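We begin with a single chain expressed as structure tokens, specifically the form deposited without 5-nitro-1H-benzotriazole.
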């Protein structure tokens, strides 16, 4: 539980409770940069279950457990 909470806080740079596309790019750049910016956009869309353009904590956890 706190494991994912801590990791989410690391990815959420401005502390607004959401991971943005740019925040997800930073995450991917720091783990080998396997994707292009366009592809990170697609990753962000698939993770954004409720479609508000943001990845919240519940959406992060569903991804992390898959």
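Numbering follows the first chain given and starts at 1.
Visitor: For the C-alpha atoms alone, is the average B factor greater in 54-62 or in 15-23, going by the entry?
Guide: Comparing averages over the C-alpha atoms only gives 54-62.
Separately, the form deposited with 5-nitro-1H-benzotriazole bound exists; it is not shown, and the next lines address it.
Visitor: Does any heavy atom of residue 11 come within 4.5 Å of a heavy atom of 5-nitro-1H-benzotriazole in the bound PDB entry?
Guide: Heavy-atom contact with 5-nitro-1H-benzotriazole at 4.5 Å: present for residue 11.
Visitor: Is residue 26 near 5-nitro-1H-benzotriazole? Define near as a heavy atom within 4.5 Å, in the bound PDB entry.
Guide: Residue 26: no contact with 5-nitro-1H-benzotriazole in the bound PDB entry.
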